[PDB]
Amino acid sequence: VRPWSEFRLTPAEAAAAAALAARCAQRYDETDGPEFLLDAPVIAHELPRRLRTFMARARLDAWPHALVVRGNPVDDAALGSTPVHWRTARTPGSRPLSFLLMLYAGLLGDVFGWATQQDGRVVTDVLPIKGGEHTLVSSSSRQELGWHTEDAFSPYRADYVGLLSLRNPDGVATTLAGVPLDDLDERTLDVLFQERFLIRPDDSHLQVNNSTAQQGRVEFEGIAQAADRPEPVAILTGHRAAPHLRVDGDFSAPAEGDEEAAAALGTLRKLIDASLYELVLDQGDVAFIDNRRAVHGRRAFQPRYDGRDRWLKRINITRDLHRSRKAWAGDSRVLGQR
C-alpha cells in the first residue's frame, strides 16, 4: 500500500493546469495580493475535472496522510537558478508555479500566512541557505529536519501543508509519520489525550529568521509569550481509533514535573522514529500533507550551492479562516497575536 493518496496528471491535464496558472500570473500582480487570494478558489474551478474530483474525494477519505499530485511540467531553463535566500526567491521563472500551487490549494481550503515567518508571505519558500545548514528550520540541509506538526505551538495551525517541488535533482526525501496506533498502549494513549504537554514555537518564527524590520512587528510578542509561558495542551485529540496529532520533535516537552506525561512523550518519539517513511517529491510533484493526521520533516542532504539546489514552494491551508480570527493581524490573511 501507500500511506498517501496519489494522482497522476495526464500531459493534457497538466498542460491545461499550467496554462490556467499562466493566465493568472499574466492578469494578477502577485499571488499574495488581496485580489488573487479572493479569486483563486473560484478560478480553481476551471482546473481539469478529474483533478477536481480527486481533490474533493481524497480530502474526505479517512486514511491518507497526504494528497499527492504528480506530473506538473517544470522547465529548469525557464525556471532559472535556485535562489540563495527566500527574500529573493520570488523569481519570474517560479512565478507561474506559485500561482499553480495557490490554485490547487484553493480546492482544499483557505490559504494563510504568518506575520512572524518569511515576512508574512502566504506562498513561502523551502531552499537550503548557506551558513544555516545545521539549523532547526526548513532552510537546513546537512542536519535532518526532524519530524513535526507544522506550527504545532499554535491552535490556528494549518489543516493542510502544500508543497510544490520546483526542483529536486538528487531526490531528497520528505519524511512522514502518522499516529502509531498499532503500538500505543491504552494507558500511554490516555496520557497523550490529556493536556500535559508544552509545545513551543519553532525557530522559523524568530526575529533573526525574518527580514530587517519587520522587528519589532507586534506579532513577535505573542511568539515570545508562547515560548516563555507555554500553556499545557494535548498531543492527541478527537477519536481514539483515529486521533489527530499535535507534536514537534525539537520543540515539545512534558508539563513541568510530570514524569507520566514525559514517559508517554518519550514513547511517542520512539514509535514515530520507528514508523517514519519517505516521500520523494520529484520536480513537478505537489503534496498536501494532512497536518492533523501526520507529522513531517526532511532527510539530511549535502547542499550544492551551485544554482540547482532542492527548491519547494510552500503554503499553509485551513478549512476555516474564521477559526483564527483572534490571530488576524487586520483584513489580510496573515496570522499573529500580541
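Numbering starts at 1 and runs along the sequence shown.
key: Average Cα temperature factor in the PDB entry - higher stretch of 314-322, 21-29   = According to the entry, 21-29 carries the higher average C-alpha B-factor.
query = So which stretch wins on mean C-alpha B-factor, 213-221 or 106-114?
reply = Looking at the record's C-alpha B-factors, the answer is 213-221.
key: Residue, from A255, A173, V126, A152, that the PDB entry assigns the highest Cα B-factor   = Of the candidates given, the C-alpha B-factor peaks at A255.
ask   = What third of its chain, lowest, middle or highest, does the C-alpha temperature factor of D203 fall into?
value = CA B-factor rank for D203: highest third.
request  = Sorting the chain's modelled residues by C-alpha B-factor, tell me whether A44 ends up in the lowest, middle or highest third.
outcome  = For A44, whose C-alpha B-factor we compare with every modelled residue in the chain, the answer is the middle third.
query = Going by what the PDB entry lists, where does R87 fall on CA B-factor within its chain: lowest, middle or highest third?
reply = Highest third of the chain for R87's C-alpha B-factor.
ask   = Would the CA B-factor of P34 place it in the lowest, middle or highest third of its chain?
value = For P34, the deposited C-alpha B-factor lands in the highest third.
key: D159 by Cα B-factor - lowest, middle or highest third of the modelled chain   = Lowest third.
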